[PDB]
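J.: Got a structure here, written out as structure tokens. Questions coming.
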Amino acid sequence: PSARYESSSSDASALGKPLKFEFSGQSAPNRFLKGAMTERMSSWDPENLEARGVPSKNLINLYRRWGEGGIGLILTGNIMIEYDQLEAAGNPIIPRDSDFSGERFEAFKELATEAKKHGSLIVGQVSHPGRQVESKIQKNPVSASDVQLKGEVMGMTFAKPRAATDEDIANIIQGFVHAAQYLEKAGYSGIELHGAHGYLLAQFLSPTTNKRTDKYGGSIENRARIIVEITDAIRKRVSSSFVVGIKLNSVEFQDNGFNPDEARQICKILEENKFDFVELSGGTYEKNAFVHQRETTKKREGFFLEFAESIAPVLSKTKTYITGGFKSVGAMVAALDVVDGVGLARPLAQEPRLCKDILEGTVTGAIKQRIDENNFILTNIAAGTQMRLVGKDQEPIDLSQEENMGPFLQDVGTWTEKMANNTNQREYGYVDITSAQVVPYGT
Ligand SMILES: Cc1cc2nc3c(=O)[nH]c(=O)nc-3n(C[C@H](O)[C@H](O)[C@H](O)COP(=O)(O)O)c2cc1C
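Per the authors' numbering, residue 3 is the first one in the sequence shown, and the count goes up by one each step.
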């Protein structure tokens with residue numbers, strides 16, 4: 003049997019309560035959110051723009067299986083809005099000039115149909131990468147300003163961005179608006195704006211990347227203006243029942259004059275613009291059991307506490323989720339003293355049915371995988387690899403088993419080899435498991 007994180011309590015009943023969003027009027031049927039995870043399982047062509055971004059049959063199957071997992075609110079991984087503005091090869095893409103019909107549309111529709119078949123909400127996360135698109139994909143990226151993303155530790159470089167012109171901003175807004183309309187037409191419950199992880203919206207929010215002197219730079223209200231203009235323009239086009247959320251990360255507001263006056267203005271912006279929910283990330287609520295050195299995470303985690311405790315208690319109409327580090331029922335229930343719901347990402351790649359199993363009382367903690375939780379690169383590769391398995395309708399590999407760690411690491415090595423020799427850029431996605439001992443999904 004799998005080793006699992008221990009829990010201080012076995013009462014999960016609070017997590018099963020529906021959550022009513024005040025603006026859309028829709029309810030998530032429980033307090034669980036499946037955090038967005040870039041799947042890299044949409045079509046890719048390094049030499050042809052339009053051939054990219056169509057959700058594959060395997061991607062649809064991944065959301066079919068998550069749709070059976072008892073999850074209140076399922077987020078997609080980030081969806082792009084232009085063919086050459088990609089977080090990664092294999093991203094899904096809703097191009098600004100695409101029709102609400104045809105092969106691409108029916109693929110997006112099928113993903114939503116499978117995700118919501120058993121009553122989950124399915125919310126499409128939409129993002130523009132801004133300065134954080136690789137030069138091999140975009141030679142002329144756009145940002146709030148011209149601050150180049152320098153020296154990435156991974157084998158990926160980024161070109162110096164240009165400051166967005168007024169027309170650039172109009173095209174970005176309309177790409178988000180078109181994506182919202184498209185998701186609505188394709189049957190999605192809503193849209194989540196990706197305001198985190200240094201992508202375009204975070205580039206406007208962060209003073210390190212936003213040096214603008216016009217109405218989009220300076221004060222927190224000005225730095226958030228492009229977000230407000232997006233939601234204003236979305237509301238002119240989609241039904242008021244369409245859910246609208248945003249993911250925010252403490253890192254964007256860190257070491258940069260955050261205070262109660264700022265936290266209050268952020269909450270004012272969220273509620274006056276009718277966000278159904280904000281998903282707060284940047285640290286962990288549940289602490290890991292002294293597994294590894296914490297020098298390199300201390301300043302991020304301390305600010306996340308200040309960030310989340312300055313935002314969540316102020317909001318009332320807008321609902322709050324915290325995503326990051328949740329493993330066990332005891333910690334998830336404790337977090338409901340501060341926020342409305344809990345987001346899980348990596349645990350739901352390793353265990354797509356964990357929420358169902360928690361609510362039925364079969365487990366009280368996620369599988370305790372044999373990978374250090376602070377080894378971000380490796381835990382991310384593991385989660386992407388599990389999504390790829392479920393896409394193939396195979397069961398996730400139990401990484402709590404010492405037996406499975408060896409072959410997994412061997413395949414990670416082989417995959418890094420393939421991506422290093424990817425001169426032609428045709429390869430994409432996460433690790434392909436070599437093991438013949440994979441089993442059909444559901445054992
Ligand atoms: C493989 C992988 C892909 C992810 N992709 C996205 C993404 O597309 N958009 C996003 O906002 N966060 C993404 N995340 C971050 C997660 O949503 C989540 O915030 C983070 O993993 C912390 O939650 P956890 O401790 O439950 O995994 C990704 C994380 C992983 C591991």
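Quick reminder that beta carbons are idealized off the backbone N, C-alpha and C, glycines included.
(1) Using CA coordinates, which residue listed in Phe25, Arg6, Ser10, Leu35 is at the minimum distance from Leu17?
(2) Tell me the rounded alpha-carbon separation between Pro48 and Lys370.
(3) Just to check my reading of the structure: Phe110 and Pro57 have Cβ atoms closer than 8 Å, yes? What is that Cβ distance to the nearest angstrom?
(4) Does the beta-carbon of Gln439 have 16 or more other beta-carbons within 10 angstroms, so that it is buried, or is it exposed?
(5) Using CA atoms only, rank isn't needed, just tell me which of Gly200, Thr299, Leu391 is closest to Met43.
(6) What do you reckon, are the CB atoms on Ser137 and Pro163 nearer than 8 Å?
(7) Do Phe309 and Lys187 have their beta-carbon atoms positioned less than 8 Å apart in this structure?
(8) Relative to ligand 1, is the shortest distance from any of its heavy atoms to the C-beta of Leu346 smaller than 7 Å?
(9) From which residue to which residue does the beta strand (DSSP E) around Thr322 run?
(10) How big is the Cα-Cα spacing for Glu311 and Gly189?
(11) Using CA atoms only, rank isn't needed, just tell me which of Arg296, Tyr184, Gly345 is closest to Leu250.
(12) Would you check whether ligand 3 has a heavy atom nearer than 7 Å to the C-beta of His196?
(13) Quick test of your reading: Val246 and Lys276, contact by CB under 8 Å. State the CB separation rounded to the nearest angstrom.
(14) What are the boundary residues of the beta strand (DSSP E) that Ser312 is part of?
(15) Cα-Cα, which of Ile313, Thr322, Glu274 is closest to residue 461?
(16) Please determine whether the Cβ atom of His199 lies at a distance below 7 Å from any heavy atom of ligand 1.
(17) Can you have a look at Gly177 and say buried or exposed, based on whether 16 or more other CB atoms are within 10 angstroms of its CB?
(18) So for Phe34, helix, strand or coil by DSSP?
(19) Count Cβ pairs between the stretch 55-73 and the stretch 85-99 that sit closer than 8 Å; are there 3 or more?
(20) Can you tell me whether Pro349 is buried or exposed? The criterion is at least 16 other CB atoms within 10 Å of its CB, across all chains shown.
(21) Is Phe277 near ligand 1, judged by its Cβ being under 7 Å from some heavy atom?
(22) Given this structure, state the Cα-to-Cα distance separating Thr211 from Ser283, to the nearest angstrom.
(23) Should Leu185 go down as buried or exposed, given a rule of 16 or more other Cβ atoms within 10 Å for buried?
(24) Looking at the secondary structure, which residues open and close the alpha helix (DSSP H) in which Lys59 lies?
(25) With the cut-off set at 8 Å, would you say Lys213 and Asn224 are in Cβ contact?
(26) Applying the criterion that 16 or more other CB atoms from any shown protein chain within 10 Å of the CB defines a buried residue, is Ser10 buried or exposed?
(27) Ligand 1 and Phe23: does the residue's C-beta get closer than 7 Å to at least one heavy atom of that ligand?
(28) Please go through the same chain and pick out, in chain order, the residues whose beta-carbon is closer than 8 Å to the beta-carbon of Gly367, but skip the five residues on each side of it.
(29) Please report the residue range of the alpha helix (DSSP H) in which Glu116 lies.
(30) Flag this pair as yes or no: are the beta carbons of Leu195 and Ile248 separated by less than 8 Å?
(31) Quick check: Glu105 and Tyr65, are their CB atoms within less than 8 Å of each other?
(32) Measuring CB to CB, does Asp395 end up less than 8 Å from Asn63?
(33) Need the endpoints of the alpha helix (DSSP H) that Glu231 sits in, please.
(34) Give the DSSP-derived three-state secondary structure of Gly415 in the structure shown.
(35) Using C-beta distances below 6 Å, list every residue in its chain close to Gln28, excluding the 5 sequence neighbours before and after it, in chain order.
(36) Please determine, among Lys19, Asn50, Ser12, the residue with the shortest C-alpha to C-alpha distance to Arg428.
T.: This is what the structure holds:
(1) Taking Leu17 as reference, the option from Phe25, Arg6, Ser10, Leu35 with the minimal CA-CA separation is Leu35.
(2) 37 Å
(3) 6 Å
(4) exposed
(5) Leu391
(6) no
(7) no
(8) yes
(9) 321-325
(10) 35 Å
(11) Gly345
(12) This structure does not include ligand 3; its bound ligands are ligand 1.
(13) 7 Å
(14) Per DSSP, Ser312 belongs to no beta strand (DSSP E); it is in the alpha helix (DSSP H), 300-313.
(15) For residue 461 there is no data in the structure shown, the boundaries of the chain being 3 and 445.
(16) At least one heavy atom of ligand 1 is nearer than 7 Å to the Cβ of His199, so yes.
(17) buried
(18) strand
(19) Verdict: yes, contact present.
(20) So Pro349 ends up on the buried side.
(21) no
(22) 19 Å
(23) Counting Cβ neighbours within 10 Å, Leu185 comes out buried, since at least 16 surround it.
(24) 59-69
(25) Not a contact, by the Cβ cut-off of 8 Å.
(26) exposed
(27) no
(28) Only residues of its own chain outside the window of five on either side were considered, and among them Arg6, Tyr7, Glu8, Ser9, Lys329, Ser330, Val331 have a CB closer than 8 Å to the CB of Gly367, listed in chain order.
(29) 105-117
(30) yes
(31) no
(32) yes
(33) 227-237
(34) For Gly415, the three-state secondary structure derived from DSSP is helix.
(35) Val245
(36) The shortest C-alpha separation from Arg428 is found at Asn50.
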